[PDB]
Number of protein chains: 4
Amino acid sequence: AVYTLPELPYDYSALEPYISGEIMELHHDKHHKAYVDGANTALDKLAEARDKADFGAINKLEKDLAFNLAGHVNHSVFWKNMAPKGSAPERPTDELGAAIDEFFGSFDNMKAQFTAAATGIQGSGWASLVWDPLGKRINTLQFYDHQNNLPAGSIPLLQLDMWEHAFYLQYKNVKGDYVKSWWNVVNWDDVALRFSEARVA
Amino acid sequence: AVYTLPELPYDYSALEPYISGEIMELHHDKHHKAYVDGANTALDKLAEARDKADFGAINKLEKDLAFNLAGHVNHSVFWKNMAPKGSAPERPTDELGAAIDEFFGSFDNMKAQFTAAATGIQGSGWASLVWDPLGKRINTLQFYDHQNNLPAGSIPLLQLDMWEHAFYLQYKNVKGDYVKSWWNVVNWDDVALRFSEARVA
Amino acid sequence: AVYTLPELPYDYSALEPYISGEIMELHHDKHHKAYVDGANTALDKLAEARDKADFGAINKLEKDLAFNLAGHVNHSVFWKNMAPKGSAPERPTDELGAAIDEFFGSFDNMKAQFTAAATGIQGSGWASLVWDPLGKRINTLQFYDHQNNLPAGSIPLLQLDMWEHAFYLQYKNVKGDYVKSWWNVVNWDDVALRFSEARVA
Amino acid sequence: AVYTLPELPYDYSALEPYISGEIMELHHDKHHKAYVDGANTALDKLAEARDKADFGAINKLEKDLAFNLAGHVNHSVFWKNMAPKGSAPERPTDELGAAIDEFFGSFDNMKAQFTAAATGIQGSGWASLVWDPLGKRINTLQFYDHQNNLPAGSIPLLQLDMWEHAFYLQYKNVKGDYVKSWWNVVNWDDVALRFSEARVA
Ligand SMILES: [Fe+3]
Ligand SMILES: [Fe+3]
Ligand SMILES: [Fe+3]
Ligand SMILES: [Fe+3]
C-alpha cells in the first residue's frame with residue numbers, strides 16, 4: 001500500500017502520567033489507523049476515476065484525500081515529537097533554540113503562544129510549530145480538523161493534537177491541563193531533526 | 001518587512017489572449033499586495049500578543065496568518081507557474097513527465113483530474129499539483145479559499161487560482177473556458193524546477 | 001421538481017446604476033439557476049441512496065445539499081430584498097425600525113456593523129441580518145460561502161451577496177463601493193415582511 | 001443576560017444505560033455553559049464595536065457568535081430531544097410519522113440515512129433532521145462543528161451531538177454503538193412538537 005501505520009517509538013504507557021496508555025493505544029491503533037486506510041482508499045478511488053474518465057466525485061475524493069492524508073501526516077509527526085519524560089532534553093538548544101528565541105523572543109513566549117492556539121480552537125484541531133519556507137521563519141498555526149487553516153508548503157516541526165479523543169478520557173473538558181502535561185513529554189531532539197531537514201529546503 | 005510582494009516575471013498583458021492584462025494588473029497590484037500586508041500585520045499582532053501576554057484574539061490572528069500567508073504563497077507560485085505561450089514547452093518532460101506518467105498514467109489524465117478539481121469547487125479555491133513527501137508521490141488537491149483542504153508539508157508544483165477575481169472579468173461564469181486557456185500559458189520549466197527541489201532530494 | 005428558480009421581481013437593469021444589468025442577468029440566470037439544479041440533484045441522489053440502502057457518499061451528498069440549498073435560499077431572499085431606487089422607503093420603520101434601534105442602537109449603527117461584516121470576509125460569503133428565535137433578537141451574521149458560519153434556525157431578514165461574481169464586473173476589487181451602492185436598492189418593505197413572519201415564530 | 005443555560009428536563013443519570021450521567025453532567029454543566037457565556041460575550045463585544053466604531057475584529061466576533069450561539073441552539077434542542085427510555089414512544093406517529101414516510105419512505109430509511117450522516121463526519125459535528133421551509137420538506141443535514149454545513153432558515157426537529165465529548169468516555173471510538181443506543185432515548189413527542197411549529201403553519 002502507498003501509506004502504512006508507523007509503530008510508536010515507545011510503549012503505549014511510556015508517556016504516563018502525562019498521557020495514559022489507554023489513550024495512546026486507542027489513539028494509535030484506532031484513530032491513526034483509520035487515516036491510513038482512508039488515505040489509501042482515496043488514492044485508489046482517484047485512480048479508478050482516471051481509468052473510467054469520470055471525476056464526478058472529485059470534490060468528495062479531494063476532501064477524503066486531504067482529511068485522511070493530513071490526519072496521517074499530523075499523527076506521524078505527533079508520535080515522534082514525544083518521548084518518555086527523562087529520555088530527551090527538557091529545552092530546545094543549538095540552532096533550534098536560537099531560532100525559537102529569534103522568532104518568539106524566548107522559549108516561554110513560544111510556549112505561551114502555542115498553548116493559547118491549542119486551547120482556543122473552536123472545534124477539532126491542532127496547534128503546530130512550523131517552518132515557513134517563504135518567510136524563512138518559525139510560526140505557530142492553529143489547524144482546524146487536520147487539513148484546514150494552514151498555508152501550502154508548511155513544514156511541521158512540533159504538533160499537538162487537540163481533538164477531544166486525544167485527552168478527554170484523562171483530562172475531560174480541562175484542555176489547559178492536557179497541554180501543560182504534554183510539554184513534559186516533548187522530544188526536542190526530534191523537533192531539532194525536523195527543523196534541520198526543513199531549513200535545508 | 002517579513003513578507004514582500006514579488007514582481008511579475010513578465011508584463012501584465014504577456015499572458016494574453018489566455019489571461020487578460022486587466023485581470024493580471026488588478027490581481028497582482030491589488031489582491032496579492034493585500035495578502036502580503038495582511039500576513040505582516042498578523043505577525044505584528046502575534047508579537048504584540050506575546051509582549052503583553054494577551055492572546056485573546058489568538059483564533060483571529062492564526063486564521064489571519066493562515067489566510068494571508070497562504071494567499072501570498074499560492075499567488076507567488078501562481079505567477080512563476082505561468083509564462084507567455086511559446087516561451088515555454090507545451091508539455092512536461094524528463095523526470096517531471098515520467099513522474100506524472102507514474103502517478104496519473106499520462107499527462108492527459110493528470111490534466112483531466114486537475115481540471116475536474118478546478119471547476120468543481122464549491123466556493124473560492126485552487127486546483128493544485130503537489131508533492132506528497134510522506135507518500136513520496138505527486139497528487140492533486142482542491143484547496144478551499146487559500147488555506148483549507150490540504151495536508152501539512154504539501155509542496156506546490158503547479159497551481160491554478162479558481163477564485164472568481166482570477167477569471168470573471170474575461171470568462172464570466174464559464175470557468176471551463178478559463179481552465180482550458182490557462183493550460184496554454186503553463187511554464188513547465190518552472191514546474192520542473194519545483195519538482196526537482198521538492199523535499200530536498 | 002422540488003426546487004424552482006424564482007423570477008426576479010423586476011427587470012435585469014432595474015437596479016442600475018447601483019448594480020448593472022449585466023451582473024443581474026449572469027447572477028440570476030447562471031449562478032442561482034445552478035444552485036436550484038444542484039439542490040434537486042442532491043435530493044435525488046439521497047433518495048437513490050435510501051432505495052439502494054447504500055449511504056457511502058453521505059458526506060458528499062450532505063455538503064451538496066447544504067451548499068446548493070443554502071445558495072438557493074440566500075439568492076431567493078437576495079432578489080426580493082431589493083427594488084428599484086425610488087420604489088420603496090429608504091429607511092426601516094414601525095416594528096422593524098424599532099427592533100433595529102433596539103438591537104443596534106440605530107439604523108446607522110446597524111449599517112456600520114453589517115458593512116464591516118460584508119467587506120471583511122476572507123473568501124466567498126454573505127452579510128446577513130437575521131432573526132434569532134432563541135434570543136428573540138436581530139443579529140448580523142457573516143456567512144462563509146453559502147452554508148457556513150450560522151446557527152440552525154436563523155431566519156434571514158436582509159442579505160448581501162459578497163461572492164465576487166456579485167460585484168467584480170462593476171466594482172472590481174473595491175468591495176466598499178459595492179456595499180455602499182447596494183444600500184440604495186434595499187427594499188425595506190420586504191425586510192419588514194420577513195421580520196413579521198419570522199417574529200411570529 | 002441575552003442567553004441563559006436551560007436546565008435539563010431530567011436527572012443527569014436518567015438517560016442511562018444509553019448515555020452515562022458522567023457525560024451528561026460534564027456536557028451540560030461545562031460544555032453548554034461555555035457556549036452560553038461565549039455567545040453573550042460575542043454580543044457584548046459587537047455592541048462595544050458599534051459604540052467606538054471599531055469593527056477591526058468583526059470576522060472574529062461573527063464567528064464567535066455563530067459558533068457559540070449555534071452550540072447553544074444545538075444543545076438546547078439536544079436535551080429536549082431526549083428522555084429516559086419508556087417515558088416516550090419508540091417510534092414517530094401521526095403527522096410526523098406520515099411526513100417521515102413521505103420524505104424518506106419509512107422510519108427505518110430515515111434512521112439509516114441519519115445514522116450514516118452521524119458516523120461519517122470528518123471532524124466534530126451533528127446529524128440533524130430539519131424542516132426545509134423553502135422545499136417544504138424534512139431533510140437530514142450533517143453539521144460541521146456547530147455552525148457549518150447548513151442552509152439559513154433550517155428548523156431543527158431532531159439532532160444528535162457527534163462531538164467526541166458526547167460519547168468518548170462511554171463508547172470510546174465506537175461511534176456506531178453510540179448512535180444505536182441514542183435512538184432508544186429519543187423523545188418523539190418533543191420532535192413532533194417541533195415539527196408542528198416549523199414555519200408557523
Ligand atoms: Fe488524533
Ligand atoms: Fe487570486
Ligand atoms: Fe451569488
Ligand atoms: Fe456537545
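Here is how names work: the chains are called A, B, and so on, in the same order as the sequence lines, proteins then strands, and each is numbered from 1. First listed ligand is number 1; within each ligand, the first listed atom is number 1.
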On a heavy-atom basis, the closest approach of A:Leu158 and A:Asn81 is CA-ND2, 3.3 Å

Looking only at N, O or S atoms, which one in C:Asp161 sits nearest to the Fe ion (ligand 3)? OD2

Between A:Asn74 and A:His146, is there a donor-acceptor pair closer than 3.5 Å when you use the side chain of the first and the backbone of the second? yes

For the pair B:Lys33 and B:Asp29, find out whether any cationic side-chain nitrogen is under 4.0 Å from an anionic carboxylate oxygen. no

Please name the atom of C:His165, restricted to N, O or S, that is closest to the Fe ion (ligand 3). NE2

Can you give the angle B:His27 NE2 - the Fe ion (ligand 2) - B:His75 NE2, rounded to 10°? 90°

Counting only heavy atoms not in B:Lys172 (residues, nucleotides, ligands), do more than 12 fall under 6.0 Å from its NZ? yes

